[PDB]
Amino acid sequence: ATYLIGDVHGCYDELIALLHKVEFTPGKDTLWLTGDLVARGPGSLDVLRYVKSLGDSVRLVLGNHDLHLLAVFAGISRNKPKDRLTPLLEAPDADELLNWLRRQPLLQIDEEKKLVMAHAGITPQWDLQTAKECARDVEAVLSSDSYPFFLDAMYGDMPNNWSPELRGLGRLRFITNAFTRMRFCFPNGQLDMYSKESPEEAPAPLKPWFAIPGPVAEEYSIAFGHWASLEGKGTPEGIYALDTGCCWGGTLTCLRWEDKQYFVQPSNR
């Protein structure tokens, strides 16, 4: 069976309880995770240890909090107390865990399922080939010995409009923002990097990225996390918003792909 779970955010107890609910069995089953494995919840260290141990039985995409953790580890960014990352950062296996984390994808594609996953979704300004090329380019910098320089460059809110002509710092910043921070788009597909509210509460003319017809969404189902204020609701056919806000006192959501059956684990907080 194929199971897809939204943002875990250090909620190790809820993750394990949900996996036990579906009797997740590596070797028989595969788990997809939308990223944001870490921060806010208490168990970021246990989450990363467990997810790394799954190997080929897990398909991860990196989220914005996963990248922030790497930036803190590399001395690029300051540690915020509310993220509760210190047990992980001080762990004796931190190097092992974080060198694994930075090698994981930004994009997962299963052609037999016609299924795409990224943390925030797929901008309507990208076709599949462009999304693949952009994921490869950022995965390449994150996997390299020079990854702290990219982590420092990634912070920024511009450019917010895709073009194949983009180059340099702006190109990687857009790619990072599209995969890991996207929520709202202007009508022409341009990213808005400020509004984090639910679609009904956003100011015009902002619309969800998934409300703008895009070539990937027209051919593939898209699963994503990230947008907790969406509460996993309000999406069109073929769009699966799996982040139901577990670390916020919401729920952790698991979707089984074969029958589109949902399983929910209440927050312990």
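So that there is no doubt, residue numbering starts at 1 and follows the sequence shown.
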Item to check | Greater mean Cα temperature factor according to the PDB record, 20 to 28 or 6 to 14 | outcome: 20 to 28
Next on the checklist: Averaging CA B factors per stretch from the PDB record, which one is higher: 65 to 73 or 223 to 231?
Outcome noted: 223 to 231
Next on the checklist: Among the choices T86, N177, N161, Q108, identify the one whose CA B-factor in the record is greatest.
Outcome noted: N161
Item to check | Highest recorded Cα temperature factor - choice among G41, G35, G214, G55 | outcome: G214
Checklist entry - Among the modelled residues of its chain, does the C-alpha B-factor of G170 lie in the lowest, middle or highest third? => result highest
Checklist outcome for this item: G156: CA B-factor among chain residues, third -> highest
Next on the checklist: Splitting the chain's C-alpha B-factors into thirds, which one does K114 fall into?
Outcome noted: middle
Item to check | CA B-factor ranking of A202, expressed as a third of its chain | outcome: highest
Checklist entry - If you rank the chain by CA B-factor, which third does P187 end up in: lowest, middle or highest? => result highest
